[PDB]
């Protein structure tokens, strides 16, 4: 058995014209059952937002996520390789509008669902994390 990932931190924003329920529906197409904490902040162009944040470590959610992550990113490792940090983490941003339609679309900038994925890796280093995910993909 492998843990694969230790936990997932997530962040996404709700702008003034957005329906928070649909934003959360989009998040739940990436992490079903996610129940984010709310906090008021400023987003793009200083627009007031609610930030929806969470740190998820529930085994059932992590495993379901890895199942979908694996289907999505099988043979697409070259799209992820540069998104790892020096500490084992994989940073993945997905298009929020696409998520609402049930599609995982990696993006680099813009309005996204931000995931900070703590990859099971020892030593907790970029190369180890990369190798581990590539093997999975």
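Positions refer to the first chain, counted from 1.
Colleague: For the higher mean C-alpha B factor in the entry, choose 36-44 or 82-90.
Modeller: The stretch with the larger average C-alpha B-factor is 82-90.
Colleague: Is the mean CA B factor in the deposited entry higher across 69-77 or across 51-59?
Modeller: Stretch with the higher mean C-alpha B-factor: 69-77.
Colleague: What third of the chain, by the recorded C-alpha B-factor, contains residue 13?
Modeller: Ranked within chain, residue 13 CA B lands in the lowest tercile.
Colleague: Using only modelled residues of the chain, where does the Cα B factor of residue 113 rank: lowest third, middle third or highest third?
Modeller: Lowest third, going by the recorded CA B-factors of the chain.
Colleague: Would you mind ranking residue 119 by its C-alpha B-factor against the rest of the chain and naming the third, lowest, middle or highest?
Modeller: Middle third.
Colleague: Looking at the entry's B-factor column for C-alpha atoms only, identify whether residue 107 ranks in the lowest, middle or highest third of its chain.
Modeller: Tercile = highest for this residue's CA B-factor.
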